[PDB]
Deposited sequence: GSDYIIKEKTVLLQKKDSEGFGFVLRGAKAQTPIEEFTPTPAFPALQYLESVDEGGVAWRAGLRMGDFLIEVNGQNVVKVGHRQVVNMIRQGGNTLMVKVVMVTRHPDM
């Protein structure tokens, strides 16, 4: 099987109007239900080695649970992206970090 190390946390991002947060969001309409390995629909496909996101502590693989106080666990990619934009320049995301080890 597999052993999963689960860690949760909330991070505050704030960028200049002339820059990006520094990450690529990835994720999936039908039915989804949180499993240990995949606790949410969207996650960080990648995080820029030195941008806002990276400096705030976010890393690739981090699943997005909450965007600006809004639970996005089961929310489609499109809408999740729109939420992140609504908060412009400031983003408070709650994420869960899942690391898989062989058991």
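- Note: segments 29-33, 109 of the deposited sequence have no C-alpha coordinates in the structure.
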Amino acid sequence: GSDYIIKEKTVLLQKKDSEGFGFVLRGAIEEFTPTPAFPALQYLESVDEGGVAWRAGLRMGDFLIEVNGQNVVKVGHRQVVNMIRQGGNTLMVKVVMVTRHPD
From here on, numbers count along this sequence of modelled residues.
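Between two forms, the rigid core is defined as the largest C-alpha subset superposing within 1.5 Å.
- Taking the rigid core as the alignment reference, the C-alpha atoms of 29-37 lie farther on average from the displayed form in 4 other deposited structures of this protein than those of the other stretch among 69-77 and 29-37.
- Higher average CA B factor: 49-57, of the stretches 34-42 and 49-57.
- When the mean C-alpha temperature factors of 16-24 and 90-98 are read from the deposited coordinates, 16-24 comes out higher.
- Ranked by Cα temperature factor within the chain, residue 72 sits in the middle third according to the deposited record.
- Residue 103 sits in the highest third of its chain by CA B factor, as recorded in the PDB entry.
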